[PDB]
There are 2 protein chains.
Amino acid sequence: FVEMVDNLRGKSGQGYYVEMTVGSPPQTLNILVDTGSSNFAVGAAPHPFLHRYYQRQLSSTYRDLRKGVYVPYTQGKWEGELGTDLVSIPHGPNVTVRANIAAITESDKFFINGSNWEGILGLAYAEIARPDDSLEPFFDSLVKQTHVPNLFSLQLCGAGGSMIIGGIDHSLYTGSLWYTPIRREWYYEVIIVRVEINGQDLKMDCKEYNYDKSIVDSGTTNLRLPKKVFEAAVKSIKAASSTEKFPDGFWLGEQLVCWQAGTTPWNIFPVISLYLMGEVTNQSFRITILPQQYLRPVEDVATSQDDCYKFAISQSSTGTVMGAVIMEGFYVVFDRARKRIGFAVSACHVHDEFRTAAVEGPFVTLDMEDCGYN
Amino acid sequence: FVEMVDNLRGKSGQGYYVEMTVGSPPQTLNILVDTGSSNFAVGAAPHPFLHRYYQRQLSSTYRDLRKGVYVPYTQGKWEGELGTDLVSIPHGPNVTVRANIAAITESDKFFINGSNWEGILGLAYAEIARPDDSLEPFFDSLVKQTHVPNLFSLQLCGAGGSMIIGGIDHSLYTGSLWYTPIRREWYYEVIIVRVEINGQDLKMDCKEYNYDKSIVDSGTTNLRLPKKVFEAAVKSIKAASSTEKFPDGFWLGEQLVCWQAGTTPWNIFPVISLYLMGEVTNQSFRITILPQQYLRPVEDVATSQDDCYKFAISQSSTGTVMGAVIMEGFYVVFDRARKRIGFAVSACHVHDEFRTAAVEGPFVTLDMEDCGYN
Ligand SMILES: COc1cccc(-c2cccc(CC[C@]3(C)CC(=O)N(C)C(N)=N3)c2)c1
Ligand SMILES: COc1cccc(-c2cccc(CC[C@]3(C)CC(=O)N(C)C(N)=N3)c2)c1
């Protein structure tokens with residue numbers, strides 16, 4: 001797996017991507033690693049933001065499926081043509097598979113102007129595949145057609161990172177891996193059973209933490225929290241960090257907040273602990289994230305010249321989202337074979353000589369199933 | 001006001017815009033009419049999507065305010081330089097004012113590729129102005145510096161439309177105007193006190209309809225409803241329209257729905273009535289919207305060749321949003337002088353020889369203040 005170490009580039013701001021090849025002969029593309037979707041979708045026309053695009057005409061092995069997809073998002077859409085071709089990951093397992101590929105022919109507010117990737121690797125399950133659950137996702141194909149074991153792991157750094165296809169690499173984490181069940185195979189849905197801020201639980205019904213969903217999503221930047229839990233969550237961190245003062249707009253992601261080089265004090269800000277359903281009845285474990293995770297460098301502002309961070313927590317109609325900023329603290333194992341997700345302390349998380357990112361257990365938590373929304 | 005009739009172009013899909021001139025000599029720009037924000041912000045560099053941009057160097061009257069703004073949104077941002085200059089609306093009142101202008105120098109996922117406007121006319125109040133409430137919005141300046149009465153009205157058609165600055169035009173509506181109080185002058189916040197689907201109330205706590213906000217917003221396409229009310233809302237329309245069947249993804253705005261020319265039956269779909277707090281204690285009125293409003297032509301799809309509409313209702317962490325698709329049924333009067341918003345049936349709404357858009361009252365509704373979130 002030394003092969004696959006450091007095979008990712010990018011950042012929580014713009015996404016993490018892996019190099020892939022598609023078609024015969026191989027056309028190289030940079031492709032967003034997205035555990036929050038299930039389509040393998042690549043730019044296939046000369047949109048001006050794009051460095052590279054898939055040229056089906058140049059591939060002997062391409063096969064048209066004579067079917068189109070139209071894919072709207074909150075504020076983004078794409079449209080494309082469905083087909084299959086031969087797909088490989090240079091710095092992945094040494095195999096080549098025939099995968100579905102959506103050739104993206106039209107899009108709005110999808111590709112990022114200035115980014116270095118040209119497609120999306122949707123790594124979630126068939127259920128949320130577009131247009132329907134009969135379009136086999138890349139990873140299912142990879143598992144079906146080769147002997148690659150049914151799991152992958154992500155270490156997102158932005159301290160790029162590593163995607164280990166088919167296994168786990170011990171160099172990427174410290175301590176022990178703790179596993180939460182995948183509640184259902186659609187998104188990478190999990191159950192948060194308790195939340196503490198600094199060391200004190202919001203003491204709210206845990207069903208709220210997972211209303212209607214909680215998911216792990218390498219293609220969302222932030223920790224996203226339901227309206228009702230975002231209210232409470234911010235209420236507590238806001239009050240936790242009453243040393244200094246910050247505007248109302250900041251907490252709603254409406255303006256950035258700034259300090260000078262070094263003058264950002266993490267320590268006004270509390271660590272955050274999410275307790276996840278464990279593998280055993282009445283057993284949980286917890287993951288603890290630092291302020292460095294929830295306050296992210298907004299790299300360039302010419303209208304300022306300060307350490308200006310954005311508050312990396314936000315609200316949602318669609319549930320908890322554990323995003324890149326949460327994942328950056330951890331080695332995360334998507335153990336599809338066993339319907340579970342493993343978390344360990346990332347060997348590349350950013351830590352002072354004070355606090356740290358932590359994965360701890362067992363804890364005793366009763367009635368954890370009741371925390372899920374049906 | 002015949003002057004100002006038909007002074008808008010666009011559609012709920014891409015926005016409605018009015019022609020403005022800025023600087024001396026006049027530089028003409030098309031500018032989004034946005035009752036959901038409070039900044040006058042114009043493209044001021046050659047972003048390639050843009051037809052036109054503000055060139056401050058060409059204006060004798062421009063004045064730099066030596067201050068920058070950085071303005072993040074859910075998925076869009078812009079950055080610009082603050083200044084003032086002389087602003088006019090060719091097909092508006094014959095005046096010219098000195099307004100704040102944010103010269104947009106950098107942006108992502110803000111401007112629309114293929115659109116015909118280059119800036120935003122933020123018509124809401126100082127409270128939500130960026131960077132703070134001391135940046136005087138265009139409309140406050142217009143009222144301060146001229147004798148233009150403190151109100152405007154919008155007729156959004158997309159059957160373009162009309163913005164009447166300083167008054168009301170009787171040709172744009174039928175029947176009577178009914179007024180709901182502006183609960184607070186930040187957004188154009190209102191209070192929905194009851195909701196019926198086809199003719200039956202969701203029977204849920206009205207405080208939910210306005211959690212945390214309800215607003216009128218010409219720069220949002222959809223009717224947006226809180227998570228909890230969106231659930232119930234869809235539950236009822238879904239069941240209302242059980243003649244035919246549509247996928248789960250459709251209702252969540254995840255895929256479009258299609259029929260052939262003429263084969264879309266509105267009549268499987270129920271009319272929707274929102275009851276708004278009235279001007280008098282225990283008095284309300286109601287606005288009734290057709291399926292034509294909540295199911296919007298998604299104009300071009302090459303992956304299909306059918307009447308493919310998108311479901312124009314969606315959920316929100318930030319409240320009810322009465323958007324362009326709601327406003328298209330009505331003449332809407334933003335009567336800032338009297339802290340109220342008037343609704344009447346639009347003389348340009350689209351109606352069969354069956355149902356219609358309606359504004360009706362009085363109704364007796366007790367405890368309407370309790371419907372607002374504090
Ligand atoms: C860390 O990942 C990032 C950061 C910033 C932007 C993106 C990004 C940009 C364009 C497209 C996508 C993919 C979007 C989607 C297919 C649908 C969606 O709403 N989400 C959140 C996911 N996960 N995948 C991501 C990813
Ligand atoms: C009908 O209006 C539309 C339709 C489609 C897109 C827009 C649009 C495109 C780009 C920018 C904006 C302005 C956004 C904002 C300043 C912030 C925001 O989130 N909203 C909803 C509002 N109202 N104004 C609109 C407007």
Side-chain angles (χ1 to χ4, degrees), chain A residues 14 47-49 67-77 79-82 105-115 127-128 130-132 211-212 221 224-228 230-231 247-250 252-256 258 298 300-304 308 310-311 314-319, chain B residues 14 47-49 67-77 79-82 105-115 127-128 130-132 211-212 221 224-228 230-231 247-250 252-256 258 298 300-304 308 310-311 314-319:
Chain A
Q14 265 197 160
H47 189 107
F49 296 176
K67 193 172 179 190
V69 257
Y70 175 90
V71 181
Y73 293 121
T74 314
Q75 255 292 201
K77 77 129 187 80
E79 209 171 288
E81 298 161 5
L82 291 171
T105 53
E106 189 197 80
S107 70
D108 188 49
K109 294 185 177 203
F110 192 74
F111 302 120
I112 294 162
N113 192 14
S115 79
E127 182 71 357
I128 65 172
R130 265 113 260 196
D132 57 66
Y211 176 44
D212 60 306
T221 298
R224 291 187 73 219
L225 299 160
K227 13 176 265 206
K228 202 164 146 170
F230 178 64
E231 262 169 66
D248 270 30
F250 172 61
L252 294 289
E254 299 189 339
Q255 64 173 86
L256 25 72
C258 303
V298 185
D300 263 307
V301 283
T303 52
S304 176
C308 299
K310 188 173 168 188
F311 179 58
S314 92
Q315 29 180 311
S316 166
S317 350
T318 59
Chain B
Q14 265 197 160
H47 189 107
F49 296 176
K67 193 172 179 190
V69 257
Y70 175 90
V71 181
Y73 293 121
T74 314
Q75 255 292 201
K77 77 129 187 80
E79 209 171 288
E81 298 161 5
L82 291 171
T105 53
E106 189 197 80
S107 70
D108 188 49
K109 294 185 177 203
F110 192 74
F111 302 120
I112 294 162
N113 192 14
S115 79
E127 182 71 357
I128 65 172
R130 265 113 260 196
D132 57 66
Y211 176 44
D212 60 306
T221 298
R224 291 187 73 219
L225 299 160
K227 13 176 265 206
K228 202 164 146 170
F230 178 64
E231 262 169 66
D248 270 30
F250 172 61
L252 294 289
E254 299 189 339
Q255 64 173 86
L256 25 72
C258 303
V298 185
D300 263 307
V301 283
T303 52
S304 176
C308 299
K310 188 173 168 188
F311 179 58
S314 92
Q315 29 180 311
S316 166
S317 350
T318 59

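When reading the values below, keep in mind they use all heavy atoms of this one structure, side chains included, and skip hydrogens, waters and symmetry mates. Letters A, B, ... are given to chains in the order of the sequence lines, protein chains preceding strands, and every chain is numbered from 1.
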Interatomic spacing from OH in B:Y211 to NZ in A:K227 - rounded to 0.5 Å: 5.5 Å
Heavy-atom contact with chain A under 4.5 Å, split by part of B:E79: side chain
Interface residue of largest heavy-atom contact number with chain B, from A:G80, A:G68, A:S317, under 4.5 Å: A:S317
Derivation and outcome, side-chain contact (heavy atoms from CB on, under 4.5 Å), residues A:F111 and B:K109: CA-CA 9 Å; A:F111 302 120; B:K109 294 185 177 203; over 6 Å; no
Residue pair A:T74 / B:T74, side-chain heavy-atom distance below 4.5 Å: no
Chain A contact via B:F110 - which portion, at a heavy-atom distance below 4.5 Å: backbone
Contacting region of A:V298 [heavy-atom separation from chain B under 4.5 Å]: side chain
Pair B:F49 and A:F49, ring centroids less than 6.0 Å apart: yes
Distance, nearest 0.5 Å, that separates CD of B:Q75 from OG1 of A:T221: 7.5 Å
Minimum heavy-atom distance A:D108-B:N113, with the two atoms named: OD1-N, 3.9 Å
Close side-chain approach of A:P72 and B:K310, heavy atoms under 4.5 Å: yes
Interchain contact, A:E254 with chain B, by part (heavy-atom threshold 4.5 Å): both
Region of B:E231 that comes under 4.5 Å of a non-hydrogen atom in chain A: side chain
When A:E106, A:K77, A:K228, A:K67 are compared by non-hydrogen pairs under 4.5 Å with chain B, the top option: A:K228
A:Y70 side, atom OH; B:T303 side, atom OG1 - distance, nearest 0.5 Å: 8.5 Å
Heavy-atom proximity to chain A below 4.5 Å, by part of B:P247: neither
